[PDB]
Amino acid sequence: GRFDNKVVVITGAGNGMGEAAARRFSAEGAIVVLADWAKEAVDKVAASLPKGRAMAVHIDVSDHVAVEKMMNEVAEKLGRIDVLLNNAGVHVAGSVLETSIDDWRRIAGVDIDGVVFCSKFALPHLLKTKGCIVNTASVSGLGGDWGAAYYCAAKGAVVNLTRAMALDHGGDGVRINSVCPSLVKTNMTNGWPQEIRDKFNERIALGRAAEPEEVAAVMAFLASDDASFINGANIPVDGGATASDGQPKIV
């Protein structure tokens, strides 16, 4: 019962890590708000969890007015917010020469503005509960990739905003951390050519992709009392990916 009666708001709750986060927190006694643009996935997850202990909601995290209303209505209806998981995301592939101003606006709106807005509007509620924030960043926020320029800029914004907010609020009893996953098994990635999955298994020392549960576990730890002295941290959940200096594996 690590999260007994704690109110956990999950943005991007309809993706693999979002759903694994929702089930892990629920299993540990949390009341879970599954917030997402899309309705089907979060409605199905919410319906699968204990009645009265899960609600699905529509949100555009790129919309600060909608975000502010969502955060106040959750606090009004459930009386508290204890945990924010900023798990919404969009990915676009390409260099800045292969990706449009529009692509940049899309990445920035969800991957940066979403973290800024949901953290700003949850914080007054988190300050009352001495709750915490866990951002879903990425190894792509700790270092660059080939062919994901906008994505790397945005997750780099999330990684450093995590540090800055942690300094601003940690002394008022609200810890702010991120998880920085590498390759996570979804149907997107299960479908990838074998040649591509092999290149990931070579660069990742554990030699496999993460299960979404393996990332949700770290999110749950970082929201737990055991993480009482972890603040402003960007935890690589990457089987060793970012532990390399970038030099090739030779035997």
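Numbering starts at 1 and follows the sequence shown.
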Residue stretch of maximal mean CA temperature factor, 104-112 vs 155-163: 104-112
Of 144-152 and 89-97, the stretch whose C-alpha atoms average the higher B-factor in the entry: 89-97
Highest recorded Cα temperature factor - choice among 62, 224, 190, 182: 190
Cα B factor band for residue 172 (lowest, middle or highest third within the chain): middle
Assigned third (lowest, middle, highest) for the C-alpha B factor of residue 123: middle
Ranked C-alpha temperature factor of residue 217 among modelled chain residues, by third: lowest
Chain-relative CA temperature factor third for residue 231: lowest
Record-listed C-alpha B factor of residue 242: chain third: lowest
